[PDB]
């Protein structure tokens, strides 16, 4: 019925054979055949299918109201699988500030295979309509984006994509299936870095893909079986286990996000704050129309580089590390850690100022996270 219930009882995460209430870990590569071609339960070679991976795939399919799930060895492997639906000469539109790893994959790997890529500001959907070429076959959207959390209208992107015969894809990592279901809004394919919120415990690198399209599912399965970026059984198990608490975690993260944003907007040592919950944020109405909660990623400006470094070292409960979506709260400085190769004045142009801090809110006590960040800001 309701979401927290569905997280527990949706999908196939028990053992039909023994009744084990958790998915068995099939640390195995091949399977007995009773006769040539007779598969006991459909399995014959773990790259093609493995029952633990199948359990996690059924989970992501159920949670996104899709029909088919796919588990890859990482988020970028999921993305490469999806991009491989295209041929040389095909063209793909991506939102202009898409994830750095996504941009790198497209422009430094797939353009060598004749995939053409255009980055557009999808915050106005007519931008998409202008960028459509006769060779465009895919529209690829993150919402909200990193690290400034730009929101893209998912439903309109889906309509545009259908009208022009495009495969629509949403990287739903930041929102998770708990808050935003792109397939329900007409999108062809939804994907996730399960490395982040879904696994939720910073201990699995994994990607997940869901679709309701039988033909797209068949092509994805062919690509996964032929290029082989499959998730292993132990990581699939840890993913299923982590997803059990997704709702509780995201709701705690959201309570802290609201309180932390109040604090940041009030504080003198903080200028601009980037988050879709702020009513002045571009397309705040749109986000509210397509999601019923918020991501735990916030960005905000302090004065300069050394204020940011001071902030990092003054906090007791914000940890300096890569990734987002941990049980710990994480802090980072994009201009030094993710956008450092970009020349400084294009960084400034894009809003990636030297004092832009990104935090990924964890599940610590709300008041502790507010107080710790505020006392650290008070030293600036």
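Positions refer to the first chain, counted from 1.
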Would you mind comparing 322-330 and 308-316 for me and telling me which has the higher average C-alpha temperature factor in the entry? 308-316
So which stretch wins on mean C-alpha B-factor, 29-37 or 50-58? 29-37
Out of 271, 202, 74, 245, whose C-alpha atom has the biggest B factor in the entry? 271
Chain-relative CA temperature factor third for residue 146: middle
Splitting the chain's C-alpha B-factors into thirds, which one does residue 90 fall into? middle
Lowest, middle or highest third: where is residue 356 by Cα B-factor in its chain? highest
In terms of the chain's CA B-factor thirds, is residue 192 lowest, middle or highest? lowest
Sorting by Cα B-factor within the chain, modelled residues only, which third would residue 104 end up in: lowest, middle or highest? highest
